[PDB]
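See below for input_33.txt, which holds compact mmCIF, C-alpha atoms and all ligand atoms.
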# COMPACT_ATOMS: atom_id res chain seq x y z
CA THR Q 1 139.30 2.10 57.60
CA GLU Q 2 136.11 1.23 59.44
CA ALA Q 3 134.77 2.87 62.62
CA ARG Q 4 135.27 6.44 61.43
CA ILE Q 5 133.14 9.59 61.41
CA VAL Q 6 133.94 12.47 59.05
CA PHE Q 7 132.36 15.92 59.32
CA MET Q 8 132.56 18.27 56.34
CA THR Q 9 131.43 21.89 56.13
CA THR Q 10 131.12 24.36 53.27
CA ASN Q 11 129.43 27.65 52.47
CA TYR Q 12 128.76 27.02 48.75
CA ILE Q 13 127.30 23.52 48.41
CA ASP Q 14 126.91 24.10 44.66
CA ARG Q 15 130.72 24.10 44.40
CA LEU Q 16 131.16 20.51 45.62
CA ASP Q 17 131.57 17.92 42.90
CA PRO Q 18 128.67 15.43 43.12
CA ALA Q 19 131.08 12.49 43.37
CA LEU Q 20 132.51 13.99 46.57
CA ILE Q 21 129.10 13.89 48.30
CA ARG Q 22 127.18 10.68 47.64
CA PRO Q 23 125.25 8.29 49.91
CA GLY Q 24 128.18 6.26 51.20
CA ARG Q 25 130.76 9.01 51.31
CA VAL Q 26 128.44 11.52 53.03
CA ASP Q 27 125.50 9.80 54.71
CA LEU Q 28 123.60 12.91 55.86
CA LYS Q 29 123.49 16.41 54.39
CA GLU Q 30 121.78 19.13 56.43
CA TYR Q 31 121.20 22.79 55.60
CA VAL Q 32 122.03 25.37 58.27
CA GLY Q 33 120.40 28.60 57.15
CA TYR Q 34 119.37 31.92 58.65
CA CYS Q 35 117.21 32.33 61.74
CA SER Q 36 113.50 31.61 62.02
CA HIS Q 37 110.89 32.80 64.51
CA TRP Q 38 111.39 29.86 66.88
CA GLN Q 39 115.18 30.13 66.64
CA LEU Q 40 115.10 33.83 67.51
CA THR Q 41 112.73 33.15 70.41
CA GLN Q 42 115.04 30.46 71.80
CA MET Q 43 118.10 32.70 71.41
CA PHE Q 44 116.34 35.52 73.26
CA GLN Q 45 115.27 33.17 76.05
CA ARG Q 46 118.80 31.80 76.44
CA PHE Q 47 120.56 35.18 76.36
CA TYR Q 48 118.17 36.84 78.85
CA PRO Q 49 116.92 34.15 81.25
CA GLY Q 50 114.02 35.07 83.53
CA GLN Q 51 112.08 37.26 81.11
CA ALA Q 52 108.53 36.45 80.05
CA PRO Q 53 108.14 34.54 76.76
CA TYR J 1 149.01 -18.94 27.43
CA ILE J 2 152.53 -20.41 27.48
CA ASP J 3 152.00 -22.81 24.56
CA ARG J 4 151.02 -19.96 22.22
CA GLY J 5 153.54 -17.33 23.32
CA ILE J 6 150.83 -15.01 24.65
CA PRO J 7 152.12 -13.04 27.67
CA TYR J 8 150.58 -14.29 30.91
CA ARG J 9 148.90 -11.02 31.81
CA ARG J 10 145.32 -9.83 32.05
CA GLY J 11 143.56 -6.58 32.82
CA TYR J 12 140.04 -5.52 33.70
CA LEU J 13 138.17 -2.23 33.43
CA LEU J 14 135.08 -1.21 35.40
CA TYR J 15 133.39 2.02 34.32
CA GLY J 16 130.15 3.66 35.39
CA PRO J 17 128.53 6.49 37.32
CA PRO J 18 129.76 6.91 40.90
CA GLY J 19 128.16 4.93 43.69
CA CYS J 20 127.28 1.88 41.60
CA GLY J 21 129.72 -0.57 43.18
CA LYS J 22 133.07 -0.68 41.40
CA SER J 23 135.40 -0.51 44.40
CA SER J 24 133.09 -2.63 46.55
CA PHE J 25 132.97 -5.34 43.89
CA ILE J 26 136.75 -5.22 43.54
CA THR J 27 137.13 -5.71 47.30
CA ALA J 28 134.61 -8.56 47.26
CA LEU J 29 136.38 -10.25 44.34
CA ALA J 30 139.77 -9.93 46.04
CA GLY J 31 138.27 -11.51 49.15
CA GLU J 32 136.63 -14.30 47.14
CA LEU J 33 139.82 -15.18 45.25
CA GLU J 34 141.93 -14.96 48.45
CA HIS J 35 144.15 -12.38 46.75
CA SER J 36 145.71 -9.21 48.13
CA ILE J 37 145.28 -5.70 46.74
CA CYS J 38 148.23 -3.52 45.71
CA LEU J 39 146.91 0.04 45.79
CA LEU J 40 148.83 2.20 43.32
CA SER J 41 148.25 5.94 42.81
CA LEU J 42 149.42 7.06 39.37
CA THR J 43 149.14 10.76 40.21
CA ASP J 44 151.87 10.65 42.87
CA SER J 45 155.00 12.78 43.19
CA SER J 46 157.68 10.09 43.60
CA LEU J 47 156.35 7.89 40.77
CA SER J 48 158.54 7.62 37.67
CA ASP J 49 158.48 5.45 34.56
CA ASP J 50 161.29 3.18 35.77
CA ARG J 51 159.78 3.11 39.26
CA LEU J 52 156.37 2.25 37.80
CA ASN J 53 157.89 -0.60 35.79
CA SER H 1 106.23 -9.65 47.18
CA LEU H 2 107.34 -6.78 49.42
CA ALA H 3 110.67 -6.71 47.59
CA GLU H 4 108.91 -6.72 44.22
CA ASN H 5 106.55 -3.93 45.32
CA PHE H 6 109.44 -1.84 46.65
CA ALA H 7 111.38 -2.27 43.42
CA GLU H 8 108.38 -1.30 41.30
CA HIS H 9 107.61 1.76 43.43
CA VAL H 10 111.23 2.95 43.38
CA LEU H 11 111.52 2.49 39.61
CA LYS H 12 108.28 4.42 39.11
CA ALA H 13 109.45 7.22 41.42
CA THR H 14 112.94 7.85 40.02
CA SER H 15 114.57 6.92 36.72
CA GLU H 16 118.27 6.68 37.67
CA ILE H 17 118.83 5.38 41.21
CA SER H 18 122.28 4.27 42.26
CA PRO H 19 122.84 1.39 44.71
CA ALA H 20 124.57 3.76 47.13
CA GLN H 21 121.40 5.84 47.51
CA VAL H 22 119.40 2.65 48.08
CA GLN H 23 121.87 1.61 50.77
CA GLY H 24 121.55 5.01 52.44
CA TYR H 25 117.75 4.82 52.30
CA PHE H 26 117.87 1.39 53.93
CA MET H 27 120.22 2.86 56.55
CA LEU H 28 117.51 5.41 57.33
CA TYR H 29 114.98 2.64 58.10
CA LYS H 30 116.76 -0.03 60.14
CA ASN H 31 114.77 -3.18 60.94
CA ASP H 32 111.58 -1.58 59.58
CA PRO H 33 110.69 -3.07 56.18
CA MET H 34 107.20 -1.54 56.30
CA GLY H 35 108.57 1.98 56.64
CA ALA H 36 111.00 1.46 53.77
CA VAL H 37 108.21 0.14 51.54
CA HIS H 38 105.93 3.03 52.53
CA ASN H 39 108.31 5.99 52.21
CA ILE H 40 109.26 5.64 48.55
CA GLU H 41 108.33 9.24 47.71
CA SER H 42 111.27 10.60 49.72
CA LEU H 43 113.59 9.24 46.99
CA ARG H 44 112.12 11.46 44.27
CA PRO H 45 114.64 14.22 43.34
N1 LIG G 101 125.86 -3.47 44.15
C1 LIG G 101 126.04 -3.02 45.40
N2 LIG G 101 125.71 -3.82 46.43
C2 LIG G 101 125.89 -3.38 47.68
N3 LIG G 101 126.38 -2.20 48.08
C3 LIG G 101 126.70 -1.43 47.04
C4 LIG G 101 126.57 -1.74 45.70
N4 LIG G 101 127.00 -0.70 44.91
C5 LIG G 101 127.37 0.22 45.77
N5 LIG G 101 127.22 -0.16 47.08
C6 LIG G 101 127.54 0.63 48.26
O1 LIG G 101 127.97 1.91 47.85
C7 LIG G 101 129.00 2.39 48.74
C8 LIG G 101 130.23 2.74 47.96
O2 LIG G 101 130.32 1.88 46.80
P1 LIG G 101 131.61 1.88 45.90
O3 LIG G 101 132.77 2.42 46.64
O4 LIG G 101 131.82 0.47 45.33
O5 LIG G 101 131.21 2.81 44.68
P2 LIG G 101 131.97 3.58 43.51
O6 LIG G 101 131.31 4.85 43.14
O7 LIG G 101 132.17 2.58 42.38
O8 LIG G 101 133.39 3.83 44.17
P3 LIG G 101 134.72 4.67 43.91
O9 LIG G 101 134.48 6.12 44.17
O10 LIG G 101 135.76 4.04 44.84
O11 LIG G 101 135.10 4.36 42.47
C9 LIG G 101 129.19 1.31 49.80
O12 LIG G 101 128.45 1.60 50.98
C10 LIG G 101 128.68 0.05 49.10
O13 LIG G 101 128.18 -0.90 50.03
MG MG G 102 133.45 1.91 44.45

As structure tokens, how would this structure be written, given the file I've shared?
Amino acid sequence: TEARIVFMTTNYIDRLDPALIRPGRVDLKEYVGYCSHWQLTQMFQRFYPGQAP
Amino acid sequence: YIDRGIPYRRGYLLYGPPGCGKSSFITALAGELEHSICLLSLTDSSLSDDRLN
Amino acid sequence: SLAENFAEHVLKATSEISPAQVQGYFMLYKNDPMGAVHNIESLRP
């Protein structure tokens, strides 16, 4: 059916059969990895508002 | 077909790597010929030989 | 000629490209033929 959005998540992307994730069954794959410098800075700013950068 | 005793049946097979356009072409052909599509799943639980026939 | 150039660039970039990936790539660049013609290299595996 048209007008549908499907979100899929997994921890081991290597385990997904390539036919399950192709451009037309999954239109955008994004990698959510560990923290970076900017991510840690933003988390610190959000958790403790008011402190100097 | 009738004059030669050949059964009036025909079948088609489309094979290829995923994402190349099998199902889309089948839908387009069904639309072009003004036919309907009878989706049948062989690997079902209630499907038997007599029921399939 | 833009279509011919895009086809040649894509075929030079990758060897086996499925129509679904081409459709997705076109989805990325909506109403921007120049961007699609320019950003061929993103299709290389
Ligand atoms: N020749 C083509 N022209 C236009 N779109 C195409 C073509 N081939 C594939 N597509 C696109 O690819 C996507 C899925 O295609 P399709 O379902 O036909 O592929 P498939 O791998 O044969 O399918 P299935 O998994 O059902 O067997 C759709 O977005 C469809 O528009
Ligand atoms: Mg198909």

Based on all atoms listed in the file, which of the residues in chain Q come within 9 Å of chain J? I want them as a VMD selection string.
chain Q and resid 18 to 19 22 to 24

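Applying a distance limit of 10 Å to all atoms listed in the file, the residues of chain H near chain J read residues 17, 18, 19, 20 and 21 of chain H.
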
Report the closest atom pair, with its distance in Å rounded to one decimal, for each residue of chain J that has an atom no farther than 12 Å from ligand LIG 101 (chain G); count all atoms listed in the file, sort by chain and then rising residue number, and write it as CSV.
residue,atom,partner,partner_atom,distance
J:13,CA,G:LIG101,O11,11.6
J:14,CA,G:LIG101,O7,8.5
J:15,CA,G:LIG101,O7,8.2
J:16,CA,G:LIG101,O7,7.4
J:17,CA,G:LIG101,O6,6.7
J:18,CA,G:LIG101,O6,3.4
J:19,CA,G:LIG101,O6,3.2
J:20,CA,G:LIG101,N4,4.2
J:21,CA,G:LIG101,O4,3.2
J:22,CA,G:LIG101,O7,3.5
J:23,CA,G:LIG101,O4,3.8
J:24,CA,G:LIG101,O4,3.6
J:25,CA,G:LIG101,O4,6.1
J:26,CA,G:LIG101,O4,7.7
J:27,CA,G:LIG101,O4,8.4
J:28,CA,G:LIG101,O4,9.6
J:29,CA,G:LIG101,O4,11.7
J:39,CA,G:LIG101,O10,11.9

Based on the selection just made, write C-alpha atoms of those residues as a compact mmCIF listing (two decimals), keeping the file's coordinate frame.
# COMPACT_ATOMS: atom_id res chain seq x y z
CA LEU J 13 138.17 -2.23 33.43
CA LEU J 14 135.08 -1.21 35.40
CA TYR J 15 133.39 2.02 34.32
CA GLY J 16 130.15 3.66 35.39
CA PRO J 17 128.53 6.49 37.32
CA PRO J 18 129.76 6.91 40.90
CA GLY J 19 128.16 4.93 43.69
CA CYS J 20 127.28 1.88 41.60
CA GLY J 21 129.72 -0.57 43.18
CA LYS J 22 133.07 -0.68 41.40
CA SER J 23 135.40 -0.51 44.40
CA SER J 24 133.09 -2.63 46.55
CA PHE J 25 132.97 -5.34 43.89
CA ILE J 26 136.75 -5.22 43.54
CA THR J 27 137.13 -5.71 47.30
CA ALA J 28 134.61 -8.56 47.26
CA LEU J 29 136.38 -10.25 44.34
CA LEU J 39 146.91 0.04 45.79

Skip residue H:34 itself and residues of its chain fewer than 3 positions away, then list as a count of residues only all residues within 12 Å of it, counting all atoms listed in the file.
12

From the set Q:5, Q:48, Q:25, Q:41, which residue has the shortest atom-to-atom contact distance to ligand MG 102 (chain G), counting all atoms listed in the file?
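For ligand MG 102 (chain G), the nearest of the candidates is Q:25.
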
Edge lengths and centre in Å, axis-aligned, stretch 2-14 of chain J plus 6 Å each side, as JSON:
{"center_x": 144.3, "center_y": -12.0, "center_z": 28.8, "size_x": 30.5, "size_y": 33.6, "size_z": 25.2}

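Nearest to chain Q of all the residues H:11, H:22, H:16, H:4 is H:22, based on only C-alpha atoms.
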
May I ask which of the residues Q:16, Q:43, Q:3, Q:26 is the closest one to chain H, counting all atoms listed in the file?
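Among the listed residues, the smallest separation from chain H belongs to Q:26.
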
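You can rank H:24, H:36, H:8, H:43 by their closest distance to chain Q using only C-alpha atoms, and at the top of that list sits H:24.
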
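Remark: for chain H, the closest of the candidate residues Q:6, Q:40, Q:32, Q:21 is Q:21 (distances computed over only C-alpha atoms).
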
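The gap separating atom CA of residue Q:33 from atom CA of residue H:28 is 23.4 Å, in Å to one decimal.
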
One-decimal distance in Å that lies between atom CA of residue Q:11 and atom CA of residue Q:30:
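We find that atom CA of residue Q:30 and atom CA of residue Q:11 lie 12.1 Å from each other.
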
For the atom pair atom CA of residue Q:27 and atom CA of residue H:27, what is the interatomic distance in Å to one decimal place?
8.9 Å

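Considering the residues H:42, H:32, H:25, H:1 and counting all atoms listed in the file, chain Q has its shortest atom-to-atom contact with H:25.
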
Once you've located stretch 8-30 of chain Q in the structure I gave, write it as a PDB file, in the first residue's frame, keeping N, CA, C and O atoms.
ATOM      1  N   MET Q   8      13.218   0.599  10.393  1.00  0.00           N
ATOM      2  CA  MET Q   8      13.825  -0.656  10.805  1.00  0.00           C
ATOM      3  C   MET Q   8      15.133  -0.376  11.526  1.00  0.00           C
ATOM      4  O   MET Q   8      15.895   0.509  11.125  1.00  0.00           O
ATOM      5  N   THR Q   9      15.386  -1.121  12.598  1.00  0.00           N
ATOM      6  CA  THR Q   9      16.609  -0.979  13.371  1.00  0.00           C
ATOM      7  C   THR Q   9      17.248  -2.342  13.583  1.00  0.00           C
ATOM      8  O   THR Q   9      16.562  -3.364  13.656  1.00  0.00           O
ATOM      9  N   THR Q  10      18.575  -2.342  13.680  1.00  0.00           N
ATOM     10  CA  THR Q  10      19.328  -3.556  13.954  1.00  0.00           C
ATOM     11  C   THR Q  10      20.682  -3.170  14.524  1.00  0.00           C
ATOM     12  O   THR Q  10      21.164  -2.053  14.324  1.00  0.00           O
ATOM     13  N   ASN Q  11      21.292  -4.115  15.234  1.00  0.00           N
ATOM     14  CA  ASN Q  11      22.618  -3.916  15.802  1.00  0.00           C
ATOM     15  C   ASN Q  11      23.726  -4.528  14.960  1.00  0.00           C
ATOM     16  O   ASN Q  11      24.871  -4.073  15.038  1.00  0.00           O
ATOM     17  N   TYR Q  12      23.414  -5.543  14.161  1.00  0.00           N
ATOM     18  CA  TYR Q  12      24.383  -6.215  13.300  1.00  0.00           C
ATOM     19  C   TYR Q  12      23.880  -6.095  11.865  1.00  0.00           C
ATOM     20  O   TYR Q  12      23.138  -6.953  11.382  1.00  0.00           O
ATOM     21  N   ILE Q  13      24.286  -5.020  11.186  1.00  0.00           N
ATOM     22  CA  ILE Q  13      23.828  -4.790   9.818  1.00  0.00           C
ATOM     23  C   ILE Q  13      24.347  -5.872   8.881  1.00  0.00           C
ATOM     24  O   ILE Q  13      23.722  -6.169   7.856  1.00  0.00           O
ATOM     25  N   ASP Q  14      25.483  -6.489   9.216  1.00  0.00           N
ATOM     26  CA  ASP Q  14      26.023  -7.558   8.383  1.00  0.00           C
ATOM     27  C   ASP Q  14      25.109  -8.774   8.343  1.00  0.00           C
ATOM     28  O   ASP Q  14      25.239  -9.606   7.439  1.00  0.00           O
ATOM     29  N   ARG Q  15      24.189  -8.896   9.296  1.00  0.00           N
ATOM     30  CA  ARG Q  15      23.301 -10.046   9.372  1.00  0.00           C
ATOM     31  C   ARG Q  15      22.054  -9.907   8.510  1.00  0.00           C
ATOM     32  O   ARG Q  15      21.321 -10.888   8.349  1.00  0.00           O
ATOM     33  N   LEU Q  16      21.794  -8.731   7.950  1.00  0.00           N
ATOM     34  CA  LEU Q  16      20.614  -8.541   7.120  1.00  0.00           C
ATOM     35  C   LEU Q  16      20.896  -8.999   5.696  1.00  0.00           C
ATOM     36  O   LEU Q  16      21.904  -8.611   5.098  1.00  0.00           O
ATOM     37  N   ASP Q  17      20.009  -9.828   5.161  1.00  0.00           N
ATOM     38  CA  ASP Q  17      20.152 -10.280   3.787  1.00  0.00           C
ATOM     39  C   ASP Q  17      20.067  -9.082   2.846  1.00  0.00           C
ATOM     40  O   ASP Q  17      19.205  -8.214   3.035  1.00  0.00           O
ATOM     41  N   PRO Q  18      20.939  -8.991   1.840  1.00  0.00           N
ATOM     42  CA  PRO Q  18      20.949  -7.792   0.984  1.00  0.00           C
ATOM     43  C   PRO Q  18      19.632  -7.533   0.277  1.00  0.00           C
ATOM     44  O   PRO Q  18      19.324  -6.376  -0.031  1.00  0.00           O
ATOM     45  N   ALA Q  19      18.843  -8.574   0.004  1.00  0.00           N
ATOM     46  CA  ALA Q  19      17.544  -8.367  -0.620  1.00  0.00           C
ATOM     47  C   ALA Q  19      16.560  -7.676   0.314  1.00  0.00           C
ATOM     48  O   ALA Q  19      15.612  -7.045  -0.163  1.00  0.00           O
ATOM     49  N   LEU Q  20      16.763  -7.783   1.628  1.00  0.00           N
ATOM     50  CA  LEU Q  20      15.868  -7.119   2.569  1.00  0.00           C
ATOM     51  C   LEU Q  20      16.076  -5.611   2.577  1.00  0.00           C
ATOM     52  O   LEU Q  20      15.128  -4.860   2.828  1.00  0.00           O
ATOM     53  N   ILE Q  21      17.292  -5.148   2.309  1.00  0.00           N
ATOM     54  CA  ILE Q  21      17.613  -3.725   2.325  1.00  0.00           C
ATOM     55  C   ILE Q  21      18.153  -3.359   0.948  1.00  0.00           C
ATOM     56  O   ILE Q  21      19.335  -3.568   0.651  1.00  0.00           O
ATOM     57  N   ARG Q  22      17.293  -2.809   0.103  1.00  0.00           N
ATOM     58  CA  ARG Q  22      17.679  -2.337  -1.215  1.00  0.00           C
ATOM     59  C   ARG Q  22      16.987  -1.009  -1.477  1.00  0.00           C
ATOM     60  O   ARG Q  22      15.989  -0.683  -0.825  1.00  0.00           O
ATOM     61  N   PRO Q  23      17.490  -0.223  -2.430  1.00  0.00           N
ATOM     62  CA  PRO Q  23      16.924   1.113  -2.664  1.00  0.00           C
ATOM     63  C   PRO Q  23      15.542   1.074  -3.294  1.00  0.00           C
ATOM     64  O   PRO Q  23      15.394   1.131  -4.518  1.00  0.00           O
ATOM     65  N   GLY Q  24      14.522   0.992  -2.447  1.00  0.00           N
ATOM     66  CA  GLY Q  24      13.150   0.816  -2.876  1.00  0.00           C
ATOM     67  C   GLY Q  24      12.388   0.003  -1.854  1.00  0.00           C
ATOM     68  O   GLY Q  24      11.155   0.026  -1.811  1.00  0.00           O
ATOM     69  N   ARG Q  25      13.127  -0.720  -1.018  1.00  0.00           N
ATOM     70  CA  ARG Q  25      12.592  -1.290   0.209  1.00  0.00           C
ATOM     71  C   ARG Q  25      13.098  -0.576   1.449  1.00  0.00           C
ATOM     72  O   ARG Q  25      12.391  -0.531   2.456  1.00  0.00           O
ATOM     73  N   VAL Q  26      14.308  -0.019   1.390  1.00  0.00           N
ATOM     74  CA  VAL Q  26      14.862   0.843   2.428  1.00  0.00           C
ATOM     75  C   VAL Q  26      15.569   1.985   1.710  1.00  0.00           C
ATOM     76  O   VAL Q  26      16.638   1.784   1.124  1.00  0.00           O
ATOM     77  N   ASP Q  27      14.979   3.176   1.752  1.00  0.00           N
ATOM     78  CA  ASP Q  27      15.454   4.292   0.946  1.00  0.00           C
ATOM     79  C   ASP Q  27      16.591   5.074   1.587  1.00  0.00           C
ATOM     80  O   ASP Q  27      17.203   5.904   0.907  1.00  0.00           O
ATOM     81  N   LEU Q  28      16.894   4.842   2.862  1.00  0.00           N
ATOM     82  CA  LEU Q  28      17.960   5.592   3.523  1.00  0.00           C
ATOM     83  C   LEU Q  28      18.502   4.773   4.681  1.00  0.00           C
ATOM     84  O   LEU Q  28      17.769   4.488   5.633  1.00  0.00           O
ATOM     85  N   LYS Q  29      19.775   4.401   4.603  1.00  0.00           N
ATOM     86  CA  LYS Q  29      20.469   3.716   5.684  1.00  0.00           C
ATOM     87  C   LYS Q  29      21.444   4.685   6.333  1.00  0.00           C
ATOM     88  O   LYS Q  29      22.240   5.326   5.641  1.00  0.00           O
ATOM     89  N   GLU Q  30      21.380   4.790   7.656  1.00  0.00           N
ATOM     90  CA  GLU Q  30      22.256   5.677   8.406  1.00  0.00           C
ATOM     91  C   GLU Q  30      22.883   4.916   9.563  1.00  0.00           C
ATOM     92  O   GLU Q  30      22.234   4.075  10.192  1.00  0.00           O
TER      93      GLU Q  30
END
